[PDB]
Ligand SMILES: Nc1ncnc2c1ncn2[C@@H]1O[C@H](COP(=O)(O)OP(=O)(O)OP(=O)(O)O)[C@@H](O)[C@H]1O
Ligand SMILES: Nc1ncnc2c1ncn2[C@@H]1O[C@H](COP(=O)(O)OP(=O)(O)OP(=O)(O)O)[C@@H](O)[C@H]1O
Ligand SMILES: Nc1ncnc2c1ncn2[C@@H]1O[C@H](COP(=O)(O)OP(=O)(O)O)[C@@H](O)[C@H]1O
């Protein structure tokens, strides 16, 4: 319930009431794509440079990159209310806030082998059964430290997590010495 | 940490910024408790002007910060 | 023995393991600084769960925000990588308990720091098991013994009653604590000397004294190194309380010695401050009251419906410059069953123990001590209070009344009775003997400074001549005319023996 | 819905969230339930004081913080907390939320009054002033209570206040045919248990048959959270309130301690995002005592007489909670560490303790001269004792040397034994009548019984028994 | 070799360093910073981490002067905790907070080194014997016996005689018993550090040539040092002492003075760490750091690490937590009351709180126990009569109370031990007394053998026969 999280919530909720849901989603994707480079981010993050120049640059980028007027109005409010120094975590949590309001449950299931995509859909249906979420945004990455088993990680960010790879050895080396 | 950290005021804001003006007529509560209330809006409020509350339980305003009047 | 036999137990432990479907809450640790771990993620974490790190230095989650969770480091985690998978354990600070603890120096994470070997244990007792119920419990009606004369005499302890030893430092508080432990040698009293936040050389000294006295066969010392993390350093009294609950819940009455509690409050203060929980007055967190309330209220007397045991408590509280108006000696006096003071003046002035009844008080009374001593000298506490005032008043000693002269010499000899040597735990029958010797004015005409010699001669004389007194009264707990007759008889005889000479 | 999440839990402060459809009002009871450490259906009740934006609210919990984890459901009752009140709610000991904690059958819960209500205005307050005698010597002499007023025990560091409550309850519960209620507000649980045992013993609870017990036991634990102790006084006050308006009988309250209430409020207010105040407490101390001492008022509808113990920390008066508690009290009795140190009980400082009902025209114009004369010589003795301690009584001139010995006899004579304190003293106590009190004091202050020894006045109920003990002391002086 | 990177923030002494996101260093380990300077870019900026503070950034404490370096300097993680040279290389060498020899001698051999801190020694590795050795100062030897291998606390404010008492104690036990004798200076007046260094040089306990025969490792930390440096010099000296008790396996003398400056450094660094304050000023963790620096002093099964630690009681406040933790954490409290020094007794030691658990019959003999008793009874009675005799004069007492006041002042001015190092300060060449004098001077005073010689007739003289000769001299000069 931070400031970045609640500004994200305001933006996601105005997108939800105005029907600009996926438009603002792709728009914050390209917006954090633009904010990836530190010159423009440092330009907006510096409080020394003049606010009218910052607003003109902001609206200029909006008109050129062809963005939603809702997120345009939002980031105008951000440069006005000085919270534009926080844009990194603002957008980085806005994606997850949008995922929350759209119910899409990002679940990073790492493993040692790129699992069969049918098995990805299988455990996707299983975790939708255990969560009640709309989508389960299945995410995979090859982890070499995991021995063989599936290693899910779901919940809000990384809260709920099950493994079958090193957890067998960990159970054994724990419970044997007791 | 900021004032007006409520996002409902900010939803109204990002909906209807597109002007360079104020909100002066009335306002809403933004925060309330223990017999005090940090409320939003009605920006022209005199230092110690009486405040017509909802449910008429009126009171005087002394803290009159930027986005929130106490 | 090397590489010969344990492979079968290795196979037993491996084959037959869990392979669980245990979904766990797991947190990526964000902010570790100075004994705490403000951890990112970790949503469904119960406040009070142990949280397992990369290391093994587990931690309790005390506070928790919408983003972070205030987690302490029971065991200082000297190397914890940022973003480490710090998952909780699910269970809530449970404590294994058994009668095989009876002697082992045990650490606050139930760990033997004795060097005697690990303990098998079945139950897993909570760290915040609440107090026993209001209606469920009986008044403290049954005596419990100190071995020290003055506390037993004026300001008694009862089994279940939680008297609060208090005073300045270096005045024998831990000494009288160990004395009232090793008094209990046949009273079926488990003692739990919970040592908190002092010298490990000192706790080694007291366990050396316990090994010498033999009292370490039944007592459980919960040591706390001052180098231990302050989370552990305040956690340990809760472990001692639950461990005494383990024996009180059967039927077995027990005793506990927090030592001290001021270091518990200070360590808890340090953890609460690093947790950014805002402080109350005297820069402490406000709820040291709540902490000590939850502690000391878990110490009471059972009734017959649940085992009629007891957990009489002795939390020593350290107060500087003889103050009472310090914050923690203001909280604990409100939440204890009366308090006894160890004044530096009375200690270095010879009264050892140094419990001046002018400020010391036991707020449940004679029903928590024996009926014989009751019927002898219930009144002697207020008599000595008046003697203390009048002896303060006898500074203006020019023409004293003869009645107040008798009164001052009487209470003078009484105060001289209330002196006792180092670690001489008198039989409670002997305490009845000396208190009747005082209250019947035999010593009034006698020598005023040889009363200690009179008393040791009298107690040796009765313990030789008429020990049948001691057994009949300890079997009846009542000061009868037989006790009277045996007492006055040996009093005549030993009064003769010490008159000549 | 109204189902929300608990976003932050820090101590017994619970930051509850809610969807923007519903954000409830203040003081409303919320109940997280169905979950514990054992998978139990354990509930925890939690009320709200501050609501910190974004449809979310920080609550205080009337039960322990263990069990409930952030991101759990909450069930607000759509109302403030309501306490089960009635004649069926006599007898049994029960909780701040009203649950019978006597562990047998619950009381019939059909008449529940809301725990937070309006305070009666003075147009409803019974302005009738009245005199009360309670049988304890120094009180009915020098701090005579109002049968209808508010009665305070300014106590010291655990000295004579709760044993005085037990004695006074024992003396007046049978006396007042109207209803009674003891409020255990952060009281020591084993001493409240001893009080409950004495109510079972004296039959005031009538253990064999209940709901004829005119006394009503309600207790909140020290070990309970400050969210519990912040409202257990309100629970007891509302039971007395129900008996004062609906039953509208003569109602007796014995809450102990009110400073526990203050400390719990301060305790939780430090946590729930609020600044501190002057030493000890919250900035809401004055309004807390305002709610209390404006709701415990003898009404024109029904009388009430609320007595209460006040434990001041550090045993002083400049402390802010007794600085407002005196301002909200009308019958103040202030105990003294010094008179406890000299064993004189009740260790009241009669200089400090006064009452509004010590008017000459309302106590009798001879009783008033008695009271003024004893206060005069006593205050002069307390004025003199410092010079005594450096220059000798035998030096201190005769026209004050008779008065110092006189008042020295006076204070110990007004030390009188209690029927329960006999465990602490040795002799069973005495219920003294005020005529006997003013008679013995008219002996002493005049100087008729100046021949008596001082310790003949020690711990004595009647002046006749004091003369008897004086003859006994002279007899033992010969023997 | 390890993670290189950039310091992100510097706040005076305290510094916040960012790093590669992959591997952050340990907590409590050290790392140098190269930085810059005027001439050359030396590694003088050594550093030590304190708090990993988000965003792959640690908040760390410095050890040297923190001027000239900036954020974005080339920080070097050394990975390990702060190593320090140990062994015979320490002996005689006056080395510094990071171990480097600042005694203008050669860089000591790094073939044997140790990290700065370690765990607490074990519950079993605590010793069992309640060891006692005398010193030579009669007030100590009377009523405050010294637990050797334990902890010996020197209290008092400033200008009450604590470093002078430490100089006298080390003047005795530098050539008395005990093997290697490490002094540590925590917040010491550096001119007085070199003063006692020259006293050890002149007295020859340290060695001019072939310095490795010294049995002294004077690792001072000057009071001028930055707060991290003062916050670590105590751990350095204790690392030396524990190294000797584990590898020399020696009864190690551990003169340190004064650890209030140590915890004050902890307070002033916490105030920039942003940790919330505590009682009246200090860090919230003063209890735990004092617990570290005390619990890592023990008498082992082989090394009786006897520590003579001083605590600067600030403005003579015993209620203050910097006393209120230490005199729980130690054995022989020796508070030095200022008003006794105002009267003029040196050392200025009250008997009432200066105490020990060594004052025990089954340790010192019941005879010496009751000797110390019969002192302490009389002097406590003298205090409780003092507070009412100062008002309203002397002769309002009884004959007994007047005689008791006279005899208590006899004991008091008889405890005026002339100090052997204080000759250059006052003029009187000090004296040495032992246990026979400890019993006998008491015996003459309490029996009433010496009962007519005046209050000057035992003033500033230890031996009671020396007091008798002084009485003879002053009676002769009339
Ligand atoms: N009855 C007694 N007779 C003689 N000496 C006693 C007696 N009781 C206690 N003492 C002495 O009191 C001294 C201090 O003991 P102790 O450490 O218990 O005091 P303390 O105030 O608890 O100090 P700390 O709190 O630092 O442990 C001991 O050395 C012991 O000799
Ligand atoms: N034993 C002593 N004999 C004579 N003079 C002394 C003695 N001790 C201290 N002094 C006087 O005190 C001064 C030194 O300060 P002192 O030794 O009292 O405190 P300290 O040990 O310096 O304390 P700190 O080092 O904490 O300031 C000297 O000027 C000296 O005159
Ligand atoms: N002179 C005295 N008369 C009666 N009781 C006394 C006296 N002095 C001390 N007490 C003790 O004080 C206790 C009561 O203290 P009190 O203030 O009433 O309760 P609490 O200690 O719980 O606040 C009694 O239990 C009793 O043992």
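All residue numbers here begin at 1 and follow the chain in the order shown.
Recorded method for this deposit: electron microscopy, 4.3 Å.
Note that Cβ sites are derived from N, Cα and C of the backbone, with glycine treated the same way.
What Swiss-Prot annotates here:
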type	residues	note
BINDING	C:167, C:168, C:169, C:170, C:171, C:172, C:173, C:174	ATP binding site
SITE	C:360	site 'Required for activity'
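Around residue C:172 (ATP binding site), the same-chain residues six or more apart in sequence whose CB sits under 8 Å from its CB are C:342, C:347, C:352, C:353, C:354, listed in sequence order.
Closeness to ligand 1 is met by C:169, C:171, C:173, these being the recorded positions among C:168, C:169, C:171, C:173, C:360 whose Cβ falls under 6 Å from the molecule.
There are 21 other Cβ atoms within 10 Å of the Cβ belonging to residue C:168 (ATP binding site). Counted over every protein chain shown, other Cβ atoms within 10 Å are most numerous around C:360 among the recorded positions C:171, C:360. What surrounds the ATP site, by Cβ distance within 8 Å of the Cβ centroid and not counting C:167, C:168, C:169, C:170, C:171, C:172, C:173, C:174, is the set C:318, C:342, C:344, C:347 from the same chain. For the binding-site residues C:169, C:173, the largest tally of other C-beta atoms within 10 A is found at C:173.
Within 10 Å of the C-beta atom of residue C:167 (ATP binding site) sit 28 other C-beta atoms, taking all shown protein chains into account. Under a cutoff of 8 A between CB atoms, and with a sequence separation of 6+ in the same chain, the neighbours of residue C:170 (ATP binding site) are C:344. Less than 8 angstroms from a Cβ of chain E: among the recorded positions C:169, C:170, C:171, C:174, C:360, that describes C:169, C:170. Residue C:360 (site 'Required for activity') and residue C:173 (ATP binding site) are 14 Å apart (CA-CA, integer value). Cβ neighbour count for residue C:174 (ATP binding site): 23 (other Cβ atoms within 10 Å of its Cβ, all protein chains included). For the recorded site, residue C:173 (ATP binding site), the DSSP three-state label reads helix. Recorded residues residue C:167 (ATP binding site) and residue C:360 (site 'Required for activity') have their alpha carbons 10 Å apart, per Cα-Cα distance. In the three-state DSSP assignment, the secondary structure recorded for residue C:167 (ATP binding site) is strand. A distance of 16 Å separates the Cα atom of residue C:169 (ATP binding site) from that of residue C:360 (site 'Required for activity').
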